[PDB]
Amino acid sequence: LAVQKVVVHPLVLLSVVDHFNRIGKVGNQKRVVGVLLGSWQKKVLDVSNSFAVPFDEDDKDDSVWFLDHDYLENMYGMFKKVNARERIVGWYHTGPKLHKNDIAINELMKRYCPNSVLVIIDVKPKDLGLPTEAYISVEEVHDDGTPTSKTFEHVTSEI
Amino acid sequence: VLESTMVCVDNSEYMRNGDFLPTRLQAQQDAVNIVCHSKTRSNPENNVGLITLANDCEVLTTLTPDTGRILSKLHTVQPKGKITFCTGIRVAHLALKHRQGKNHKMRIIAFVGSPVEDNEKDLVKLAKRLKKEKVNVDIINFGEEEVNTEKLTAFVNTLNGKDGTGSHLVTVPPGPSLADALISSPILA
Amino acid sequence: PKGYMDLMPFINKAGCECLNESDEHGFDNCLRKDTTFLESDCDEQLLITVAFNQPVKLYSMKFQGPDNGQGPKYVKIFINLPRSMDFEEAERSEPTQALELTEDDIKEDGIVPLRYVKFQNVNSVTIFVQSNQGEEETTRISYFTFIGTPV
Amino acid sequence: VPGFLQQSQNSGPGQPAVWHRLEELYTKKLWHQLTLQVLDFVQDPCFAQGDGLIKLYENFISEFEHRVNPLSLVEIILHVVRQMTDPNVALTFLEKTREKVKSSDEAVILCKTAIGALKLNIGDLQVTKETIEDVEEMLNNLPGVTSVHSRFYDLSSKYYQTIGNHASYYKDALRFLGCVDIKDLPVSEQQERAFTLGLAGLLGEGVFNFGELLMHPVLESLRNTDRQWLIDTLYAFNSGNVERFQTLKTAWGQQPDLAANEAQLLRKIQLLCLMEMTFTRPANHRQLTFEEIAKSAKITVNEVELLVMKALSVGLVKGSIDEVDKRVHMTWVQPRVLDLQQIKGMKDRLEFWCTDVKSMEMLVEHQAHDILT
């Protein structure tokens with residue numbers, strides 16, 4: 001695929017943990033969603049920085065969800081000014097597993113980075129696995145005749 | 001007043017109809033251009049954002065102390081899909097909870113120009129949820145008011161409860177321009 | 001209980017406002033036991049405020065809810081709030097304690113602890129039920145009271 | 001200009017009341033809402049045959065065409081061009097139609113699909129390919145699945161049906177059934193489409209996954225039908241039972257297409273017979289002798305060797321042939337559809353696998369406890 005490996009730096013992990021803690025403090029949150037910033041080297045991603053964005057989803061309906069994309073553009077110009085070599089390379093969310101509306105959020109993320117990579121960073125300290133699980137949106141062309149759908153293909157992650 | 005408003009513009013297939021001159025899509029663009037401009041002069045800190053009410057709701061522009069960006073987004077809005085009013089208010093309410101300044105008051109502007117295809121129970125429970133968060137949704141029942149006059153009646157009555165005119169259900173009959181009836185409506189007062 | 005006691009007599013029952021209440025079951029049910037319950041109508045969220053005399057010390061509460069999943073899961077506790085509190089000021093503010101209830105605590109034979117250090121001189125207590133043990137649009141509370149002593 | 005509506009208001013080919021409702025929508029300028037009424041009236045149950053509705057194009061809908069949904073505009077014309085039977089001028093109708101609906105790519109897809117169907121009717125297969133290779137390209141650019149996908153796959157399948165490419169027809173027929181609901185289709189259509197789908201699967205080149213085919217809900221319409229033998233024939237191919245396939249020869253031999261390719265059909269089931277032997281035996285005993293392959297596939301022992309080449313070359317099985325010892329060393333088979341009981345046996349195998357991994361995890365932990373970090 002377009003991504004061979006995603007490298008998530010310790011700064012992102014601390015930022016994601018802090019992001020989940022500060023918003024989780026005011027109100028109980030299923031997850032918090034931010035934007036991943038990094039560079040591209042050959043076919044291995046280099047996620048190195050991230051910032052929080054406003055986000056909310058109704059638990060009952062996956063369709064209802066809001067991401068402040070104007071905030072997303074405004075904060076990018078901040079980080080681009082400080083570090084021009086860090087571009088938007090995807091998004092993150094701290095939900096323990098994937099959500100049904102993640103493919104919908106990726107489309108909003110896809111317009112800033114065409115090969116957007118979603119990295120699920122689990123705040124809970126799992127004992128065995130890495131906290132990060134990188135995914136990319138691909139077209140799964142089925143052989144059963146079912147119409148082609150947008151699915152997340154797993155991409156190997158390394159800290 | 002220092003309040004943050006979101007315009008739930010409608011781009012359903014029924015917006016191509018010429019019931020409002022020149023087009024319901026063009027008529028509502030003038031409607032937004034006037035109601036959004038009104039909220040600017042009421043308070044310079046007032047926040048206005050755009051949310052589309054297509055088959056799937058799409059927040060075109062979040063809350064901002066800017067007017068021109070709202071209309072440029074509305075310029076590219078094309079008629080497509082069916083109205084989904086149930087999810088439109090919640091997705092607009094969700095943006096209201098994440099506004100720039102929490103001292104602003106809740107306010108949602110809905111352009112209902114296609115029939116709401118939900119049961120009365122779901123519409124009523126939506127009003128109770130908005131009344132919980134002191135959210136006032138202002139709806140113009142233009143377009144198909146001959147069949148929405150009852151579903152929206154339960155919406156505003158339940159939200160307004162028994163006291164206070166928090167929300168209005170002004171209903172403009174088809175004519176020259178629905179915006180010409182907006183300046184006389186309590187929405188802009 | 002060990003030198004402390006239940007404190008509904010101190011609770012004036014006149015300054016208690018339970019927002020998101022339901023006409024079917026009111027706030028009186030969960031303060032008197034004798035079966036029945038309190039439930040919400042508009043949404044799963046349920047804001048409760050309790051008022052009494054200023055000298056009161058809180059050690060523990062017993063927010064026992066039902067078992068079907070309508071019992072509270074995540075609750076926010078606020079103390080001594082000037083002015084009224086809407087659902088946003090109970091959701092966008094920092095609670096004194098934000099204990100996340102487990103099913104064991106909901107059990108009628110269950111008592112939950114509070115951080116007694118932060119509950120010493122209480123004028124009134126605001127309780128914000130944010131979620132229940134499930135996806136039930138109405139949240140129910142079988143019984144509730146504060147165990148402690150006057151200041 | 002609106003006189004035709006007024007002409008039909010009193011003396012009309014349809015019901016005068018229908019035109020009055022049609023008239024009222026025009027006066028109120030409910031432009032999109034007229035199309036639903038127009039859609040309900042274009043497919044009228046009274047004068048669909050009659051040529052009164054061709055003039056409905058020029059007189060009525062061409063006046064308000066400029067502010068109608070391009071997608072909803074085109075399928076209105078599909079029933080309009082149904083009444084017209086002159087072949088060549090139908091191109092000019094759709095080409096002029098294709099020019100107006102340019103903002104919507106879905107409308108263009110439907111327009112090019114329409115020309116492909118009638119140009120398939122006239123037998124111009126060379127240029128219906130060039131159209132089919134173009135609309136297929138644009139369909140992928142369109143996100144998701146829409147109402148225009150189904151009519152393409154119906155045309156795309158019909159194209160490969162007349163040419164004879166069963167392998168491509170089988171793929172495309174599956175897409176059509178994947179973009180429509182079975183309950184909506186008539187039982188006669190479902191029964192017919194199941195028969196041609198399964199027939200293409202047997203005659204297709206490289207169509208060896210009959211397990212996925214067998215549970216298609218389309219095939220359930222032939223459970224009690226006189227075409228039940230087709231399901232049984234697919235069962236034989238799935239199990240690789242060539243003896244059954246020869247037994248049902250009295251049934252599948254009556255079909256003109258199945259009988260014509262009985263040599264290709266016999267080779268296909270012989271290959272599937274080879275997979276059945278490999279899948280049945282455990283991995284420890286996957287050394288098939290030449291006699292077993294010859295006996296199970298009803299082939300001469302000298303022809304066993306060529307059979308394994310076809311399976312190895314195509315990719316159905318992986319392995320090697322030992323001609324001196326007359327044994328075939330299969331090491332891999334194509335994965336197949338498995339029943340719940342077979343899955344339960346698979347899960348039981350994980351129970352032993354998990355126990356072994358856990359056993360050594362404790363063994364290394366216990367033995368190397370002092371040096372473990």
# chains A, B, ... in the order shown; residues from 1 in each chain; ligands from 1

$ residues_around --residues "residue 55 of chain A" --least-positions-apart "3" --cutoff "12 Å" --atoms "only C-alpha atoms" --output "NGL selection string"
(:A and (19-20 or 23 or 29-35 or 52 or 58 or 64-72 or 91-93 or 105)) or (:B and (62 or 91 or 94-99))

$ write_last_selection --atoms "C-alpha atoms" --output "PDB file, in the first residue's frame"
ATOM      1  CA  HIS A  19      -5.192  15.300  25.674  1.00  0.00           C
ATOM      2  CA  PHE A  20      -7.374  12.455  26.946  1.00  0.00           C
ATOM      3  CA  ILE A  23     -10.782  16.842  28.352  1.00  0.00           C
ATOM      4  CA  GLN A  29     -15.459  11.001  27.243  1.00  0.00           C
ATOM      5  CA  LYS A  30     -15.635   7.796  25.236  1.00  0.00           C
ATOM      6  CA  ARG A  31     -12.586   9.018  23.290  1.00  0.00           C
ATOM      7  CA  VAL A  32     -10.740  12.162  22.227  1.00  0.00           C
ATOM      8  CA  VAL A  33      -9.734  12.865  18.629  1.00  0.00           C
ATOM      9  CA  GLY A  34      -6.763  14.888  17.414  1.00  0.00           C
ATOM     10  CA  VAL A  35      -4.627  15.456  14.333  1.00  0.00           C
ATOM     11  CA  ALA A  52      -6.071  18.336  19.896  1.00  0.00           C
ATOM     12  CA  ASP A  58     -23.529  10.837  20.188  1.00  0.00           C
ATOM     13  CA  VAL A  64     -24.032  12.337  14.536  1.00  0.00           C
ATOM     14  CA  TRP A  65     -20.473  13.528  15.184  1.00  0.00           C
ATOM     15  CA  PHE A  66     -18.759  16.917  15.007  1.00  0.00           C
ATOM     16  CA  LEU A  67     -15.103  17.702  14.304  1.00  0.00           C
ATOM     17  CA  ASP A  68     -14.000  21.348  14.312  1.00  0.00           C
ATOM     18  CA  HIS A  69     -12.248  21.347  10.955  1.00  0.00           C
ATOM     19  CA  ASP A  70     -11.880  25.136  11.046  1.00  0.00           C
ATOM     20  CA  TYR A  71      -9.957  24.640  14.286  1.00  0.00           C
ATOM     21  CA  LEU A  72      -8.020  21.929  12.449  1.00  0.00           C
ATOM     22  CA  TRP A  91      -5.570  11.615  12.917  1.00  0.00           C
ATOM     23  CA  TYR A  92      -5.769   9.744  16.216  1.00  0.00           C
ATOM     24  CA  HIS A  93      -8.412   8.711  18.717  1.00  0.00           C
ATOM     25  CA  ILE A 105     -14.062  10.849  10.084  1.00  0.00           C
TER      26      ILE A 105
ATOM     27  CA  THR B  62     -18.027  26.139  12.465  1.00  0.00           C
ATOM     28  CA  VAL B  91     -24.953  17.644  14.936  1.00  0.00           C
ATOM     29  CA  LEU B  94     -22.868  19.203  19.232  1.00  0.00           C
ATOM     30  CA  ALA B  95     -21.067  22.168  17.671  1.00  0.00           C
ATOM     31  CA  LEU B  96     -22.926  24.475  20.064  1.00  0.00           C
ATOM     32  CA  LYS B  97     -21.428  22.600  23.021  1.00  0.00           C
ATOM     33  CA  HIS B  98     -17.926  23.254  21.612  1.00  0.00           C
ATOM     34  CA  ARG B  99     -18.262  26.971  20.910  1.00  0.00           C
TER      35      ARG B  99
END

$ interface_residues --of "chain B" --to "chain A" --cutoff "12 Å" --atoms "only C-alpha atoms" --output "MDAnalysis selection string"
chainID B and resid 49:51 55:64 69 84:100

$ write_last_selection --atoms "N, CA and C atoms" --output "PDB file, in the first residue's frame"
ATOM      1  N   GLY B  49     -22.207  29.897  12.414  1.00  0.00           N
ATOM      2  CA  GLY B  49     -21.620  28.783  11.698  1.00  0.00           C
ATOM      3  C   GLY B  49     -22.655  28.106  10.826  1.00  0.00           C
ATOM      4  N   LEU B  50     -22.164  27.355   9.842  1.00  0.00           N
ATOM      5  CA  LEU B  50     -23.003  26.748   8.816  1.00  0.00           C
ATOM      6  C   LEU B  50     -23.004  25.234   8.970  1.00  0.00           C
ATOM      7  N   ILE B  51     -24.193  24.640   8.907  1.00  0.00           N
ATOM      8  CA  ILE B  51     -24.365  23.191   8.924  1.00  0.00           C
ATOM      9  C   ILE B  51     -25.368  22.832   7.837  1.00  0.00           C
ATOM     10  N   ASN B  55     -28.676  14.616   2.984  1.00  0.00           N
ATOM     11  CA  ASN B  55     -28.905  13.241   3.418  1.00  0.00           C
ATOM     12  C   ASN B  55     -28.039  12.895   4.621  1.00  0.00           C
ATOM     13  N   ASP B  56     -26.772  13.297   4.591  1.00  0.00           N
ATOM     14  CA  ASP B  56     -25.896  13.224   5.749  1.00  0.00           C
ATOM     15  C   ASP B  56     -25.438  14.635   6.084  1.00  0.00           C
ATOM     16  N   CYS B  57     -25.617  15.033   7.341  1.00  0.00           N
ATOM     17  CA  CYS B  57     -25.278  16.388   7.751  1.00  0.00           C
ATOM     18  C   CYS B  57     -23.785  16.638   7.593  1.00  0.00           C
ATOM     19  N   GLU B  58     -23.438  17.863   7.207  1.00  0.00           N
ATOM     20  CA  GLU B  58     -22.043  18.224   6.975  1.00  0.00           C
ATOM     21  C   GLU B  58     -21.828  19.646   7.469  1.00  0.00           C
ATOM     22  N   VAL B  59     -20.978  19.802   8.483  1.00  0.00           N
ATOM     23  CA  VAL B  59     -20.666  21.117   9.029  1.00  0.00           C
ATOM     24  C   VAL B  59     -19.704  21.822   8.083  1.00  0.00           C
ATOM     25  N   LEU B  60     -20.224  22.769   7.300  1.00  0.00           N
ATOM     26  CA  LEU B  60     -19.394  23.452   6.313  1.00  0.00           C
ATOM     27  C   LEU B  60     -18.452  24.447   6.979  1.00  0.00           C
ATOM     28  N   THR B  61     -18.953  25.198   7.955  1.00  0.00           N
ATOM     29  CA  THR B  61     -18.148  26.175   8.676  1.00  0.00           C
ATOM     30  C   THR B  61     -18.624  26.226  10.116  1.00  0.00           C
ATOM     31  N   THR B  62     -17.689  26.104  11.051  1.00  0.00           N
ATOM     32  CA  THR B  62     -18.027  26.139  12.465  1.00  0.00           C
ATOM     33  C   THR B  62     -18.274  27.586  12.883  1.00  0.00           C
ATOM     34  N   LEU B  63     -18.444  27.806  14.182  1.00  0.00           N
ATOM     35  CA  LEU B  63     -18.758  29.138  14.677  1.00  0.00           C
ATOM     36  C   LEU B  63     -17.583  30.076  14.448  1.00  0.00           C
ATOM     37  N   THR B  64     -17.883  31.291  13.985  1.00  0.00           N
ATOM     38  CA  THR B  64     -16.839  32.253  13.671  1.00  0.00           C
ATOM     39  C   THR B  64     -17.421  33.653  13.728  1.00  0.00           C
ATOM     40  N   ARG B  69     -17.466  34.391   5.060  1.00  0.00           N
ATOM     41  CA  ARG B  69     -17.147  32.983   4.849  1.00  0.00           C
ATOM     42  C   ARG B  69     -18.397  32.112   4.841  1.00  0.00           C
ATOM     43  N   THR B  84     -32.567  15.254   6.519  1.00  0.00           N
ATOM     44  CA  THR B  84     -32.451  14.443   7.732  1.00  0.00           C
ATOM     45  C   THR B  84     -32.431  15.407   8.929  1.00  0.00           C
ATOM     46  N   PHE B  85     -33.632  15.777   9.370  1.00  0.00           N
ATOM     47  CA  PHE B  85     -33.765  16.797  10.401  1.00  0.00           C
ATOM     48  C   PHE B  85     -33.435  16.268  11.789  1.00  0.00           C
ATOM     49  N   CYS B  86     -33.641  14.973  12.028  1.00  0.00           N
ATOM     50  CA  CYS B  86     -33.321  14.404  13.333  1.00  0.00           C
ATOM     51  C   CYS B  86     -31.842  14.572  13.654  1.00  0.00           C
ATOM     52  N   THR B  87     -30.968  14.169  12.730  1.00  0.00           N
ATOM     53  CA  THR B  87     -29.534  14.246  12.976  1.00  0.00           C
ATOM     54  C   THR B  87     -28.986  15.649  12.759  1.00  0.00           C
ATOM     55  N   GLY B  88     -29.709  16.494  12.024  1.00  0.00           N
ATOM     56  CA  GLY B  88     -29.220  17.839  11.769  1.00  0.00           C
ATOM     57  C   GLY B  88     -29.152  18.688  13.023  1.00  0.00           C
ATOM     58  N   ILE B  89     -30.171  18.592  13.876  1.00  0.00           N
ATOM     59  CA  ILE B  89     -30.194  19.389  15.097  1.00  0.00           C
ATOM     60  C   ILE B  89     -29.125  18.905  16.070  1.00  0.00           C
ATOM     61  N   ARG B  90     -28.987  17.584  16.215  1.00  0.00           N
ATOM     62  CA  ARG B  90     -27.997  17.048  17.147  1.00  0.00           C
ATOM     63  C   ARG B  90     -26.578  17.392  16.714  1.00  0.00           C
ATOM     64  N   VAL B  91     -26.287  17.292  15.415  1.00  0.00           N
ATOM     65  CA  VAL B  91     -24.953  17.644  14.936  1.00  0.00           C
ATOM     66  C   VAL B  91     -24.725  19.145  15.066  1.00  0.00           C
ATOM     67  N   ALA B  92     -25.796  19.936  14.971  1.00  0.00           N
ATOM     68  CA  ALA B  92     -25.674  21.366  15.219  1.00  0.00           C
ATOM     69  C   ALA B  92     -25.592  21.655  16.712  1.00  0.00           C
ATOM     70  N   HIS B  93     -26.311  20.877  17.526  1.00  0.00           N
ATOM     71  CA  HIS B  93     -26.205  21.020  18.974  1.00  0.00           C
ATOM     72  C   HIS B  93     -24.815  20.637  19.462  1.00  0.00           C
ATOM     73  N   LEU B  94     -24.205  19.630  18.833  1.00  0.00           N
ATOM     74  CA  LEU B  94     -22.868  19.203  19.232  1.00  0.00           C
ATOM     75  C   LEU B  94     -21.847  20.311  19.017  1.00  0.00           C
ATOM     76  N   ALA B  95     -21.955  21.035  17.903  1.00  0.00           N
ATOM     77  CA  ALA B  95     -21.067  22.168  17.671  1.00  0.00           C
ATOM     78  C   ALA B  95     -21.341  23.299  18.650  1.00  0.00           C
ATOM     79  N   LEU B  96     -22.593  23.442  19.090  1.00  0.00           N
ATOM     80  CA  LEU B  96     -22.926  24.475  20.064  1.00  0.00           C
ATOM     81  C   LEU B  96     -22.235  24.216  21.395  1.00  0.00           C
ATOM     82  N   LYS B  97     -22.087  22.943  21.768  1.00  0.00           N
ATOM     83  CA  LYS B  97     -21.428  22.600  23.021  1.00  0.00           C
ATOM     84  C   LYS B  97     -19.930  22.874  22.979  1.00  0.00           C
ATOM     85  N   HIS B  98     -19.353  23.013  21.789  1.00  0.00           N
ATOM     86  CA  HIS B  98     -17.926  23.254  21.612  1.00  0.00           C
ATOM     87  C   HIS B  98     -17.665  24.630  21.009  1.00  0.00           C
ATOM     88  N   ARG B  99     -18.388  25.641  21.480  1.00  0.00           N
ATOM     89  CA  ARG B  99     -18.262  26.971  20.910  1.00  0.00           C
ATOM     90  C   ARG B  99     -16.990  27.663  21.396  1.00  0.00           C
ATOM     91  N   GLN B 100     -16.712  28.819  20.787  1.00  0.00           N
ATOM     92  CA  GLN B 100     -15.528  29.595  21.145  1.00  0.00           C
ATOM     93  C   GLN B 100     -15.576  30.043  22.598  1.00  0.00           C
TER      94      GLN B 100
END

$ residues_around --residues "segment 139-141 of chain C" --least-positions-apart "4" --cutoff "7 Å" --atoms "only C-alpha atoms" --output "PyMOL selection string"
chain C and resi 30+37-40+44+63-66+70-72+132

$ residues_around --residues "segment 75-84 of chain C" --least-positions-apart "5" --cutoff "7 Å" --atoms "only C-alpha atoms" --output "short mmCIF file (atom, residue, chain, number, x, y, z; two decimals) with C-alpha atoms, in the first residue's frame"
data_model
loop_
_atom_site.label_atom_id
_atom_site.label_comp_id
_atom_site.auth_asym_id
_atom_site.auth_seq_id
_atom_site.Cartn_x
_atom_site.Cartn_y
_atom_site.Cartn_z
CA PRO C 95 -16.25 18.30 40.12
CA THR C 96 -14.98 17.74 43.63
CA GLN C 97 -15.48 14.00 43.08
CA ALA C 98 -16.32 12.27 39.80
CA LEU C 99 -16.51 8.65 40.96
CA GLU C 100 -17.46 6.20 38.20
CA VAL C 122 -21.07 21.89 52.74
CA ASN C 123 -23.81 24.43 52.07
CA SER C 124 -25.45 22.41 49.28
CA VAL C 125 -24.49 19.48 47.06
CA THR C 126 -25.01 19.29 43.31
CA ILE C 127 -25.15 15.80 41.79
CA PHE C 128 -24.82 15.31 38.03
CA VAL C 129 -25.68 11.86 36.69
CA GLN C 130 -23.97 11.86 33.29
#

$ closest_residue --among "C:18, C:56, C:50, C:42" --to "residue 125 of chain B" --atoms "only C-alpha atoms"
C:42

$ select_by_dssp --residues "chain A" --states "strand (DSSP E)" --output "MDAnalysis selection string"
chainID A and resid 5:7 33:41 44:52 55:57 65:67 87:93 117:121 132:140 149:155 157:158
